[PDB]
Amino acid sequence: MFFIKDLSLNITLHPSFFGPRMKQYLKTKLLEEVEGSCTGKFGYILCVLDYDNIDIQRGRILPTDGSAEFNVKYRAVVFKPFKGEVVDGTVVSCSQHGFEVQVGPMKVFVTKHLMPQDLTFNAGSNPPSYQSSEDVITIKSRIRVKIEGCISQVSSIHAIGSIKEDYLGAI
Amino acid sequence: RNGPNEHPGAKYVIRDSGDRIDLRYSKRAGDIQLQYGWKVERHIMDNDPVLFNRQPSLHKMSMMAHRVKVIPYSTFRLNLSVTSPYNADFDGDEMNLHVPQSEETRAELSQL
Amino acid sequence: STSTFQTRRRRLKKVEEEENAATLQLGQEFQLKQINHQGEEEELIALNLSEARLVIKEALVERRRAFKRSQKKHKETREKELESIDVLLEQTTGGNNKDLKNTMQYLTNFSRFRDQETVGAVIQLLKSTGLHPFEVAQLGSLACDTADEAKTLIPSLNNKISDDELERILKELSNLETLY
Amino acid sequence: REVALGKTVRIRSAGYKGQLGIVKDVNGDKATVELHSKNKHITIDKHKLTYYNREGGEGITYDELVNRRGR
Amino acid sequence: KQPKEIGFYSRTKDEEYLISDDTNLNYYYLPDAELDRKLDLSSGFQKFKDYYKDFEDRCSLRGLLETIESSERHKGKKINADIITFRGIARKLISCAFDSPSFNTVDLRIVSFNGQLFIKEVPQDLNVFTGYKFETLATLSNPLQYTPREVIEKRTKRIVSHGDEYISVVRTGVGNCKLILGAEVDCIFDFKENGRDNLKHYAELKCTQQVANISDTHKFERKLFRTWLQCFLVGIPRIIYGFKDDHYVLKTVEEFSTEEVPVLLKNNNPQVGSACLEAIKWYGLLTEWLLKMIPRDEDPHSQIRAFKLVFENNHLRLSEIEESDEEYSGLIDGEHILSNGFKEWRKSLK
Amino acid sequence: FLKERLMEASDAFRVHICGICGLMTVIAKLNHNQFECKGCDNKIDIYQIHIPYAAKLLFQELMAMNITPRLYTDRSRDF
Amino acid sequence: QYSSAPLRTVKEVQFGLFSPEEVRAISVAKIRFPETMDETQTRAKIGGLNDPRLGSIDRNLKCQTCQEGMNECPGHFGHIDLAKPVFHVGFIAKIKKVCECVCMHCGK
Amino acid sequence: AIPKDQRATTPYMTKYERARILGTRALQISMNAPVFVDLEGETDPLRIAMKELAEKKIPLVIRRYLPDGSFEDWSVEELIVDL
Amino acid sequence: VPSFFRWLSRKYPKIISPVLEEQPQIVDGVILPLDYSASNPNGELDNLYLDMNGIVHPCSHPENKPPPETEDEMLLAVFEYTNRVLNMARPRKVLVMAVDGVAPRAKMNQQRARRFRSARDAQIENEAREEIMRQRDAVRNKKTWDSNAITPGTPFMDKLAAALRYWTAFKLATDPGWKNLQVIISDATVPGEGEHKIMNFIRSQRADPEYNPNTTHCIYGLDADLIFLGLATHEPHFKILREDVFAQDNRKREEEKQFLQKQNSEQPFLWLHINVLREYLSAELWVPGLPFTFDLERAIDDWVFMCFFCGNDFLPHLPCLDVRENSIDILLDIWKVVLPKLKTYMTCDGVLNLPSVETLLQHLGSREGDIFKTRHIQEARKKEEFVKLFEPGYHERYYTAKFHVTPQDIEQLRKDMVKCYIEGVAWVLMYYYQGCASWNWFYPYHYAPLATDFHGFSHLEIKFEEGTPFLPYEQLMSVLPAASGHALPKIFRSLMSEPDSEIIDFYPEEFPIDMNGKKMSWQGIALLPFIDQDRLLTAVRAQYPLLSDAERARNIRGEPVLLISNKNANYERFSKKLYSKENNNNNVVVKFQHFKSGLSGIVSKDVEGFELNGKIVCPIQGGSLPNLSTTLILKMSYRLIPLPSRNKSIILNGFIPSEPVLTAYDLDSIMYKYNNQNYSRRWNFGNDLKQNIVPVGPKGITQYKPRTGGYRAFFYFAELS
RNA sequence: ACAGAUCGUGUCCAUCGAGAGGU
Ligand SMILES: [Mg+2]
Ligand SMILES: [Mg+2]
Ligand SMILES: [Mg+2]
Ligand SMILES: [Zn+2]
Ligand SMILES: [Zn+2]
């Protein structure tokens, strides 16, 4: 599921910083920029590998001011929740709406209408969960969950999960 | 500190992110310290390259860049040898003056 | 921020062929035969759960070593693993780096292969088939017991692989994941 | 709330001695005073020019601070 | 190793050497408004009250012996550490590496009655008064929350006196040998914990002149080197320093940290960082040399030997003083050290 | 100098144009730092351009004339 | 004002006609009432020629659609659902020519 | 599309290029960019730019665009100034 | 828009900051829960001392859509409002909710007046409705419950207290982000007006030896005095959250209805950070060449005292000080000009300096005539208490019209009024600064003296007594007006249903509102007779014995209840201390400080009846709320640690100063009285709401800003240059 | 619970035709 793509970034540098350290300045700019990003097209950017031959091209100077625009070339590991993909995670939160999963850095929700009516909200047990037959599921337990689709392309990225599928739950 | 009253003065002071300051209504001049990166709208001083134009503008010689010299009378004064390219006389002619607003335009007007 | 220029009338295509699907139909950005920065006609790289963890770990230690050498020139099991990448992340990436902790924890908890030789030979074993690297990554990461689990897990392998070969390399992967 | 606002004044000393004008704007120690005969505006120290009455009478110095009135 | 608190001892005036109380503790309190204000640190120069060596010979370890005896009585067995030294004295021992012997002259006597090392202490005004004044307005008797406002107002113009000395005994192990050191506490910047380790709650303060050029900057760097060596010897979180000028007016108060000081010190000049490394290595080398040839006898009844250590010709000259010398008679035979109770406790351990 | 006279010394406007439609009908909310194009439900490619207000008025009038003056920030060539 | 959208320069302009679906898609309101300010000449009529969603009318208040004032709001386009199709005045000649070119009973 | 051994453009520096370089350097100096030459007490950014151009100490590259779309990069220090 | 809000906006700009509230999204009929553990875009927040009385009232009987349900709708509304504000603020250390309960006799009389009125207007509106159906059965009246029903001692207070505990238990059980959050609930049994308990708790927490000076606290409330209350406690990193009213969009007059619904569902909120306002005060109270030392800490308390003197909810406003928007500046400049004449300050931790107050009031009376003349001129110009002779200042006419007494009586009455007014000023200062001075002080007058009075108060001393808090039943009797028989004991109803001598005098049937005292709103004065102490106390104590034991059980003072989660750091220690010992007595009390987690205080075994391994029933029985167990929460009593000494207003050591978000230009603008008149540019406050972030949270390890020196200061200067 | 007189910054009077002019 993990992919590495040759992404591109455009940055603007003030001419007051036009010193011999422009290369390292752009390096740290990119480093703090793409780390932890939540872009809706590529997905989740986790690590920026290949910290060599970044190949910072010449910076075209805008006619308006002295700033220069740079087009840096880099590769990084991406993370996108492709719809219809089976993934395995851990339970973190479980309200009456459903039990969430911790597949990667996301908050995929398994809403009550997705999995069958077998799962019941039993609040008597100390950890609030959906204790039922066909194996035991609880908080911080192994669970395999499918992805129905992608929502909220802007801001945070997450999806919705379902368990109603043969050889998908329990495990 | 001179203010917008004498010729060698300023009219506006621009701080970061706009926020224009007026030097004729605020009167707070003198007790204001100019930090680096600000902009000051000073008056047009001597040796300032400006664009001097006469209409109709047929050829490129109708547009010229001159050097500002402040004079104590309310009229435009020019050398007698530049009237021929302008095709202008002094029987009541009217001519326009344009000033640059950036280093790019000032330098390109001076050098071109 | 993009890597592919407009083509096939991207301005007003007006097709809207959904957004994603389980039976291939990958996104436009993640399409086969990607364009490399200097090269061209390079297929998309797919990483398994174990491969991605090794990649990020090796990148992190390389960056830490580079930073340490720059400073010098200027001048158990799962429990032990958590301390290692904790102390690696606490000084290499810097910043908030809140999102990185969860990804690394999930990679360590759900890691299938922990031996360099085994993960290296995984690609050699899987290169026999001409399957799309995404589904081979899915079968390498997700566990299985026989052909039924692999067939039911994803809908992209309908009659694309012979059952005998499918069960053969499924048992091969089963032993290659149970040996470590 | 400056007292020297809209009051008939006479300029003393300098090159405009004896001129009659009305204060228009005050900018700190400097104030803008128009002129009756001359069609121009001049700026001088507010403490210098004397102050007269709108209708007409005796003239006084800048001591009008203690008496917020005309004359 | 990580320093561990052993106990707390108080040495008030008149040589009373009280044990196990916090009557000589101070708390830091200095609002930024006071720093902004033009405080004077030279008023009332005639109000100085001195209870130091001039009043009586403070060069003794009777209080330290009493407090370690009390700690051993409370706990039992024998402390594994082999060298006892005052916090101030130990700093001067290693300061001779980069300081001339004339500037740093140290006279000490050792005792090996316990099969260990027992260091005995052996013996301008305006600057001292200004430092004491800065300490007085930089400290509070009781905690601020329990301090009335009128007490603060009186303190802002209080007299200058010497006292309220807080001594803490800390066992610090460096290398393969364990050492016990008697630290000095001046103020408590943060909160105070009762019946718990307060090493992280301690602090250290001093005064220095304002810099004008790079020479004064280098002098301040050397002072920071000395105080960082001090802190590394004891373990102190706060190294707050005061700044004074020609007019003796407080200007700036800083908040240096133990970990931050070496990094900035090395970043400024590589030479001082190399000196730091050389000093921290030389301290261990000197300790390992001291624990090498000194005759240690665990038998209490064994004959005690007295030594004198003088740093001459870049070497530590150690020689055993003859028993017929009057110094030994006035030290051991005269019962200057090794009190009757301490000797009784030592014999009980046998 | 021509550009400065036409823009800085005269009308100067900033508008947001959708990267798919090419029109200026983009809903921009600077308070929440988000943009949206209701025409093609686009939210991840919005560009800002600096054009004179007269040009914006002319484009709006042309759009009122059932004519679409789509503006693009990239050159269309080859494939 | 600061906008996170990247700043670019126009490189080409593509002309064309406006499809009947596109105008409805981009329209923010539907105009049906031909009278404006019908609320006792105090406020603006909803759905009229001066709909608030069309844009701000005075600087102090903001535009409901995008929440800026006049100096920043570029305005928004509405639409009118014509009862019957109407010939374009500027395309009458082109319509006649293309009708002559093609058959009047079949598209061939 | 950046040939070097096949650069057929003139090695000299045009008046428009000179004006643009001087203006850009002057604007950068005015907005507090680092200066690589001593000023001799000068205080006008434009004359500082001319002084820098005199000894060829301007770190800029001229990109001359061919009509088809290709281009070649010429350094400021390698361009002969004769006008 | 309220005058106070715009006044503080124009006098102190760049203070109001918008809330970056996250908008939940619903897709495919599924609403994604909000991530509580996510970082708050509005800055880090630790404490959320909140007033529940200011949130329950707006939900009940609003200007539109009244709640038809008796209690279910109100409980749902308060629950959703609490959830919204908690998500908006996102606390991380401690959340405290307070409910108004027993108050001092002063607030007592005031509330009496207020409610009695509310009852009168409710009677007017319901009789108007009755005649409305007359001119058209009894089911169409739609008579909602009166606002007087919200009073401690009523069963509604018990229902609210029960609902809050269940709500917080459900939130703690269902939210993984509440692992390290402590919830303190103060029901109506505990005396206080909602904010007094808050400041008492803040002062008690500040007295802890391990208290962190860098803790950030936020208070939610629509009251107009809590802004000055936050400055009175001298606690930096203080932010005030309130609903925005500057917009004031059009109310209700398809897709239009849905847009209007979402507009109401997204009401914005504004920040009122005072850390950046502290700089505003510091650049305002400076005095040129003052004799004694000057510090910001002593200046803010004096300003708070002056603001309280302008107008307080306890004492009536002065006749000269009625606008409370412009006279504040007048008295501020009077204090500034008279400060050099004094060799000391004005207030010292609540202690009032008599000569300073005497000089201030003498100067105010000297300036009183000019202010009265200017206000008369303004009123006459606007036009172009029955008798007012403006030439002599109508002092005698005012006395004879507000008291109807003879000259000797007016002299003795002015003396008594001065005495009681200075005593009340001292009492309100003492209450708002440190604890409560007295629970029995009252003002036996309906007005306040003016002019050249107050000059004879110098030869006096202030001395109060602790007293005892009032019981819920006597307070309910004192505050509740006539009728309003709901939520009342049967004994009180029987006492009402008989023509008693004290019933008619203390609680008549018609409130004379002829005293409008120069105003044009519900605002008025209390013409109701001042209820005495002995008669009401004897009546209540005589009616007590025959009350049922079950009803009499609701007469305990009570204690705040702690509801720490099951994953708290101190949870194991508390369980071991209070359950392993199984002492079965109220003697095991712990003294954990603020070093571990937070919430320094003393706890004790719960007296409500909480048990381990049990279950908690839903109090409202509506909405199908899940039934949780006691294995995830702990209900235990909490007690405030008594203050060892007076709450001295001294900044705690180690406090990190706030970075200046403010330039020196506006500093000198306020200092020199530049005003916005010189700034002819349109100062759009709406545009002033866009470009403000106001970072909150300590900046830098060092607690001292650079003030030259050497080493680090020299390096900083070189970097700046 | 809480629950405001204006204050403080304030933007201009436009369009269409007709005539007389001057370089
Ligand atoms: Mg002519
Ligand atoms: Mg000291
Ligand atoms: Mg109140
Ligand atoms: Zn679009
Ligand atoms: Zn708009």
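In what follows, chains carry the letters A, B, and so on, assigned in the order in which the sequence lines appear, proteins first and then strands, with residues in each chain numbered from 1. The figures here come from the full heavy-atom set of this structure, side chains too, leaving out hydrogens, waters and symmetry mates.
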If I take atom [atom1] in residue [X] and atom [atom2] in nucleotide [N], what distance separates them, rounded to the nearest angstrom?
X         : N      : atom1 : atom2 : result
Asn684(I) : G10(J) : CG    : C1'   : 9 Å
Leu61(G)  : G10(J) : CG    : P     : 19 Å
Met70(G)  : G10(J) : CE    : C1'   : 14 Å
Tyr25(B)  : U9(J)  : OH    : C1'   : 13 Å
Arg10(I)  : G8(J)  : CZ    : P     : 8 Å
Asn53(B)  : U23(J) : CG    : P     : 18 Å
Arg115(I) : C2(J)  : CZ    : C1'   : 12 Å
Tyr220(I) : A1(J)  : OH    : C1'   : 12 Å

Stacking status of neighbours [N] and [M] at 5.5 Å and 30°:
N      : M      : answer
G8(J)  : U9(J)  : yes
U6(J)  : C7(J)  : no
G19(J) : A20(J) : yes

Evaluate the ring planes of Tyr86(B) and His66(B), with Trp represented by its six-membered ring, and classify them as parallel (under 30°), tilted (30 to 60°) or perpendicular (over 60°).
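Ring orientation, 0 to 90° scale: parallel.
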How is [X] classified with respect to the nucleic acid when contacts are heavy atoms under 4.0 Å: base, sugar-phosphate, or nothing?
X        : answer
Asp51(I) : nothing
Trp7(I)  : nothing
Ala88(B) : nothing

Subject >> Whichever of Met520(I) and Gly54(I) has its nearest RNA chain J nucleotide further upstream toward 5' >> reply: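 Counting from the 5' end, the first nearest nucleotide belongs to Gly54(I).
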Exercise. Identify, between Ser3(I) and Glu193(I), the residue whose nearest nucleotide on RNA chain J lies closer to the 5' end.
Key: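 The residue mapped nearer the 5' terminus is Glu193(I).
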Margin query: Does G8(J) count as syn, meaning its glycosidic angle lies within 90° of 0, or as anti?
Written below: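 Anti, which is what one calls it when the glycosidic angle falls more than 90° from 0.
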- If we call a positive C1'-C2'-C3'-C4' torsion north and a negative one south, what is the sugar of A14(J)?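 On the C3'-endo side: north.
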*Tell me whether the sugar of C16(J) sits north or south, going by the sign of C1'-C2'-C3'-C4' (positive is north, negative is south).*
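North, since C1'-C2'-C3'-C4' is positive for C16(J).
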In terms of side-chain heavy atoms of [X], which of [options] is nearest?
X         : options               : answer
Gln111(I) : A1(J), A5(J), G10(J)  : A1(J)
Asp93(B)  : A3(J), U23(J), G8(J)  : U23(J)
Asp91(B)  : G10(J), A3(J), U23(J) : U23(J)
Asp313(I) : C2(J), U23(J), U9(J)  : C2(J)
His57(I)  : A1(J), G10(J), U23(J) : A1(J)
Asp223(I) : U9(J), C7(J), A1(J)   : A1(J)
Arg6(I)   : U23(J), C2(J), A5(J)  : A5(J)
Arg114(I) : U23(J), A1(J), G8(J)  : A1(J)
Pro2(I)   : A1(J), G4(J), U9(J)   : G4(J)

> From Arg59(G) CZ over to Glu68(G) CD, what is the distance, rounded to the nearest 0.5 angstrom?
Replying inline: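 Separation between the atoms: 15.5 Å.
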Euclidean distance, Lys518(I) NZ relative to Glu379(I) CD, rounded to 0.5 Å |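 So the CD of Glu379(I) and the NZ of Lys518(I) are separated by 12.0 Å.
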May I ask you to evaluate whether [X] reaches the phosphate of [N], defined as a side-chain N or O under 4.0 Å from OP1 or OP2?
X         : N     : result
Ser147(I) : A1(J) : no
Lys519(I) : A5(J) : yes
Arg324(I) : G4(J) : no

For the aromatic rings, using the six-membered ring if either is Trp, is the centroid distance between [X] and [Y] under 6.0 Å?
X         : Y         : value
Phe238(I) : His273(I) : no
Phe228(I) : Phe4(I)   : yes
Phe52(B)  : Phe76(B)  : yes

- Using the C1' atom as the reference point in each nucleotide, state the distance between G8(J) and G4(J) in Å, no decimals.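 Nearest-Å result for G8(J) against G4(J) at atom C1': 16 Å.
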- [ ] Determine the Euclidean distance between corresponding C1' atoms of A5(J) and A1(J); express it in Å to zero decimal places.
- [x]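 Here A1(J) and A5(J) have their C1' atoms 24 Å from each other.
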Could you tell me if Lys107(I) sits above the aromatic ring of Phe314(I), with its cationic atom closer than 6.0 Å to the ring centre and no more than 45 degrees from the axis?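 Cation-pi check for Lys107(I) and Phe314(I): passes.
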